[PDB]
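So the structure is just underneath, and the comments pick up after that.
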Amino acid sequence: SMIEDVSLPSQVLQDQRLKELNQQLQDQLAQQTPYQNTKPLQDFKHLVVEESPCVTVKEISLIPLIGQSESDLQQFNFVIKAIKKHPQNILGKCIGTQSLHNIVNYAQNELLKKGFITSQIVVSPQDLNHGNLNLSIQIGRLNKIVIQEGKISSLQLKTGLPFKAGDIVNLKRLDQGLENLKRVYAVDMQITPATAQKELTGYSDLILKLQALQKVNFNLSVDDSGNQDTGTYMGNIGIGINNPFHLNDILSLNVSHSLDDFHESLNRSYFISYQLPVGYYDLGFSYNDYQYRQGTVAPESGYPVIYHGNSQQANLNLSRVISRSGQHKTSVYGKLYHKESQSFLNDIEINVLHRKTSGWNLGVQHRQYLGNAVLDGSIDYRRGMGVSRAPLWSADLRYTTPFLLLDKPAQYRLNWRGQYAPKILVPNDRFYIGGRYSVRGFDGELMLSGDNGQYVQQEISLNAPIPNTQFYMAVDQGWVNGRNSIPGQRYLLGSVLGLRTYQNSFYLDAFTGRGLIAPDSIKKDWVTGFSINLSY
Ligand SMILES: CCCCCCCCOCCOCCOCCOCCO
């Protein structure tokens, strides 16, 4: 007997659409604007200079101020570490007033490097009488979080901000907490000195002005893509609920209906996503329900042959920011997933196509800023069971930058996704190319596939003379290789030209494309696509 999932095309397109949807929801979360706060005024190539009166330093130490425990100072030994590490070998040199000023400025830049923007390196110059350079730290702390405007529960502050009153002010934790609050608020954050009767000297007040974002958001989309003969028609209802349980949380709902004339299929899809932050951590869970019907409902033969089936997927996600700055953000994550799928023929179940799978994902993601350019990507390791240690490597890379093109503002965009499988994969685990999600300019009725694969999408958009409009041209490329692939059919090259416009909560995206290079079994026909969305 010949085993066959006649629905494999519709399920591949659903997975690609699911991945695109999850990326768009993650991209909706506002990040902190990039900056370069640790800006060296003077480069510190040479701190020691030849000076009129100087003292020979024989010890560089960090010395507690009044009321400072040495556990408080243990966190700041990197300041003295950096001093002693400097290739000018400060220890044993003759230090006058100008070099001492430079050594202090260097240790303060190092303080700002690690994010302590309200702390200050001071010198206790009395012990220089004995050749001892003794540094001290004015530890700047947080006195009060002040909500000048907007409502926020005490629990929201505790879970969204990884810091509390009385902690040491660090810009990495301020930015993290600010990003968590910007999921549900428009946020204004200011640092001011704390006042006592008329100041608290070592303390700061965090002034927050909050304005809640629209609680309920709707997105209705219709898409009509295909070739000049056949096409697919999609309808999407997206609902975004903002801060429903007052936990800086976001709940997303999506219902999709599709009519694919390429595979004479009808598809419905339900998707729910919940996400809440806990300081540097992030918790998420999602669920997808997918159903299809395939065949001719009223055939000429009088023998109706309908293939239909359902598929469910549940996911639990946990990620933690491990490193961040004004120009980068890095996090590690772990996923737990369970999948279940069954197929039918005229309401009779095909037993050998009943599939339950489960497994876990481990990965790391990074985002990097330089100027107005954004670079972000991830690498993922997956392992899943069946009914057997099937390892899958996944990777992602995206790059965006503005640039001038014939003296008009423009944007360049590159999307790259790659998959490497050491072992044989089942059909659904393969990497597919050709269609709106993998290589544009192809209709997707026939896709190339391999156990290993990668595509790179490239696109340039320029502003139209009309406001809130832009033209774009795109060139995409796909590659498949490894098992489940046959040579000579391993490459796709498509091109797309189109336009996009936004008219007062109405978004249009239309493109016409064609396949440039393809194996003989691929049509290289002309394709069109029209997308309309309404948010309110
Ligand atoms: C440590 C592994 C991280 C994940 C890497 C997966 C991306 C590797 O994809 C390889 C698939 O290549 C298919 C054919 O490639 C031909 C073109 O190659 C030129 C660019 O490498």
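Numbers here are sequence positions counted from 1.
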Is the charged tip of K19 near the ring of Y437: under 6.0 Å from the six-membered ring centre and within 45° of its axis?
-> no

Work out which heavy atom in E51 is nearest to a heavy atom in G96; give both atom names and the distance.
-> OE2-N, 2.8 Å

Residue pair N315, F285: steps toward the side-chain contact (heavy atoms from CB on, under 4.5 Å) verdict = CA-CA 5 Å; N315 283 39; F285 83 82; over 6 Å; no

Is the closest side-chain donor-acceptor distance between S269 and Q14 under 3.5 Å?
-> yes

Just do the side chain to side chain donor-acceptor pair (under 3.5 Å) check on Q36 and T38 with the steps written out, would you?
-> CA-CA 6 Å; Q36 289 197 104; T38 166; over 6 Å; no

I83 to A107 - nearest heavy-atom pair and separation = CD1-CB, 3.9 Å

Salt-bridge contact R436-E20 (side-chain N to carboxylate O under 4.0 Å) = no

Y472 six-ring face occupied by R500 cation (under 6.0 Å, within 45°) = yes

Ring-ring centroid check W416 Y455, cutoff 6.0 Å = no

Are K182 and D188 ion-paired here, with the side-chain N under 4.0 Å from a carboxylate O?
-> no

Show your working on side chain to side chain donor-acceptor pair (under 3.5 Å) between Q26 and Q275 and close with a plain yes or no.
-> CA-CA 10 Å; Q26 289 320 296; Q275 213 182 345; 3.0 Å; yes

Decide side chain to side chain donor-acceptor pair (under 3.5 Å) for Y502 and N533; before the verdict, give the C-alpha distance in whole Å, the side-chain angles of both, and the deciding distance to 0.1 Å.
-> CA-CA 9 Å; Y502 189 94; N533 185 271; over 6 Å; no

Minimum heavy-atom separation for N143 to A194, with atom names?
-> OD1-CB, 3.5 Å

With ring centroids as reference points, do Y369 and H328 lie under 6.0 angstrom apart?
-> no

Does anything in residues 111-154 pair up under ring pair (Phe, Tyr, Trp, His ring centres under 6.0 Å), and if so which pairs, sequence neighbours excluded?
-> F76-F116

Under a 4.0 Å N-O cut-off, is there an ion pair linking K113 with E110?
-> yes

